[PDB]
Amino acid sequence: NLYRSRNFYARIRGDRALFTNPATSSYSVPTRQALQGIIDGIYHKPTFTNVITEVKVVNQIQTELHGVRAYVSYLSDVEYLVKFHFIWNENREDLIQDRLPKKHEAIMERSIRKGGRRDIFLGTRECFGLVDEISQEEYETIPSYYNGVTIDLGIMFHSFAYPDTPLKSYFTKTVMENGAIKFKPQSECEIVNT
Ligand SMILES: [Cl-]
Ligand SMILES: [Cl-]
């Protein structure tokens, strides 16, 4: 098959988060867009594309209100386990000389381990996230509050089209099975808006 990095696993924690529908209060769980932003914050170069395949929602979904009434609903006390990998960016063949698997996998590993190359945000400039590396064994065994049930989380924003033409948004039916949410390719999203 085409080049694919090893699977990487990251744990993301935050006291507060705000995951929104930018093509319209927080969704109850991260969107693919939000997770993409988190993982890219750990390490990204246009040579490669980070591909988020699954997230585990570890803690009970809780929100809290902030604002005035004559309004902002944030998630509270969140923990996500993210499974992802990278592939070479087909849209940047001009960077083909930098497609060095050992180099990028080493940097990714180091980057997750140190908590990311950049500050990690969970939806606002005040919602900081904390990233650390977990093993596949840990990804598989850390208990989720939602283990035992499967829950329809409804239609959620997936991502914007990429990469002139009007901006298209993709949305997806979102099911959380024993705390785990898988992310389908943009091309499989049932709902598209321009
Ligand atoms: Cl390839
Ligand atoms: Cl869908």
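Rule-based calculations on the coordinates, nothing more; no lab input. For neighbour counting, all protein chains shown are included, and Cβ atoms are generated from backbone atoms with ideal geometry for every residue, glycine included.
Some notes on this structure:
- 5 Å binning of all Cα-Cα separations within the chain, expressed as whole percents from 0 upward: 1, 7, 15, 19, 20, 17, 12, 6, 2, 1, 0, 0
- Cβ-based charge dipole, the chain, positive-most Cα from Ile112, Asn193, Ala161: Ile112
- For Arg16, net neighbour charge (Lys/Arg +1, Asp/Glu -1) across residues whose Cβ lies under 9 Å away: -4
- Charge dipole of the chain (Cα centre as origin; +1 on each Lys and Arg Cβ, -1 on each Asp and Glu Cβ, all else neutral): 360 debye, rounded to the nearest 20.
- Shape class for segment 66-109, computed from the alpha carbon gyration tensor (a ≥ b ≥ c): prolate, with a/c not under 1.5 and a/b above b/c.
- Restricting attention to the chain, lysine pairs at least eight places apart or on different chains and with alpha-carbon atoms under 22 angstrom apart total 21.
- Estimated purely from DSSP H runs of n ≥ 4, each contributing -39500 (n - 2.57), the mean residue ellipticity at 222 nm for the chain is -4500 deg cm²/dmol once divided by its residues.
- Farthest toward the positive end of the dipole of the chain, out of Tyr80, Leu100, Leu130, is the Cα of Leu100, where the dipole comes from beta carbon charges about the Cα centre.
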